[PDB]
Each structure stands twice: as C-alpha cells, then as structure tokens.
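In PDB author numbering, the protein residues as written are 10 to 226.
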C-alpha cells in the first residue's frame, strides 16, 4: 500500500517526511488525484490545496478516488473543507478545523486561506483559524481584554488574507485604537513565540490517520 499526501503550507514536506514516509506532493489542484488513483495508490491525504475556482480539487475527483477503493483523508486546510462536504460519501475528516466546518462553527475557505511562496510552499500570511486560536490563548494569558480580543478578531476577519499577519494585526489594531501600543507589543511577542498553530497540529493528525490506514489491509 502506497500513500500520496498533498501538503507544503500547513506543514512542510521536510517536517512531514520524518513523521510519515509517503509521496509528498505540492498543494492539490484540479485533476491531480486521478493520476495517483491510476498509479495504484491506496490512500490519499489531502491537507493543502489551491482555493481558486478554476484550480480547486473537485468533489467529482474525490468521489472517483473513493469509488475506486482509494481511502481519502482530509484535514487542516482544503482537506478540512472538502471532508466537511464529503464525509457522508466516505471521505475521512480529522482535526479541529474539520470539526468546526462539520458543526457550522466556521464557514467558507476564508477561514484557512494563506498566501504562500509559490516555489517553497512556505506560508507568508497567517490563516484565520490560527488567529482565532492564538487570540483565544492570548485572552487566557491575560494579554488582551474581551473587548480587545473581539476588536482584533473582527479586524482579522476584515483583512484581505495575504495581508493577515500578527505584526499587521497588532500594528493596524494600534492605529485604529483597538489596543494600547505597549499592550500590542506584548501581544505580538506572544503571537510570534506561542502561536496556536492549529493548521500544523491538524496536518500532523492527517499524517497519523494516513499512517494507520496504510498499515490496515
């Protein structure tokens, strides 16, 4: 049994490779799955994928893989979104992002979209789900008030995703009078050193699920 994993954004190929030896591919695009189905692969892990309509992985493609006896696992990013749409059809969803989509806690691809380096797949921006979880953790550490949490979260929601960053958020937050600037600096340090990287943690869960399905005959 051979596995193929589409990732690079939520976790690098370098970091994923140590956790599970698999065929690591770039974020998934339209009509990439069937190549691996036809090559005889037994498990597909969808973590990351392009969100733009023309190039996004389609329901038809996932359903084709499932009908051919290929197990499909999704989480973290595009995999979380698709698993929430196709779990009733046999796609396995794992992780918190999947759970939130499933239960209507979050909606739309805006929750997970990130700008990336097109060559290395490393993210430039911060996904909204990570911002949500990191602002929650900051509130717990007493680094923001509830008013400040809510104001900064609303700001993040209302920021074009390639411009979503912890520095950008605290800077614009300060400029818009949403947080004192010294309190903003303490918050930025927390965000840069103690990020709740829910996309990465969910990505690891996908890898571990794929690992289990490969082992099972």
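Just so you know, even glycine gets a beta-carbon here, dropped at the ideal spot from N, CA and C.
Asked	Found
C-beta atoms of residue 227 and residue 205 nearer than 8 Å	In the structure as shown, the chain starts at 10 and stops at 226, and residue 227 therefore has no counterpart that could be examined.
Residue range of the beta strand (DSSP E) that includes residue 107	Residue 107 -> not in any beta strand (DSSP E); alpha helix (DSSP H) instead, spanning 105-111.
Contained beta strand (DSSP E) runs [length at least 3] in the segment 58-130, N- to C-terminal order	80-84 and 101-103
Other residues of its chain near residue 93: CB distance less than 7 Å, five sequence neighbours each side excluded	102, 107, 110 and 111
Residue burial classification, residue 169 (beta-carbon count within 10 angstroms, cutoff 16)	exposed
Where the alpha helix (DSSP H) containing residue 146 begins and where it ends	137-149
Other residues of its chain near residue 155: CB distance less than 6 Å, five sequence neighbours each side excluded	none
Reference residue 70; option with closest CA among 40, 61, 120 and 64	40
Inter-stretch contact at 8 Å, needing at least 3 Cβ pairs: the segment 112-120 / the segment 183-195	no
Residues sharing a beta bridge with residue 33, DSSP	14
For residue 186, the three-state DSSP class (helix, strand or coil)	coil
Own chain residues within Cβ distance below 7 Å of residue 74, not counting five before or after	42, 46, 53 and 81
Proximity below 8 Å, CB of residue 164 to CB of residue 178	yes
Where residue 193 falls: helix, strand or coil (DSSP)	helix
Outcome for residue 60 when other beta-carbon atoms lying within 10 angstroms are tallied against a minimum of 16	buried
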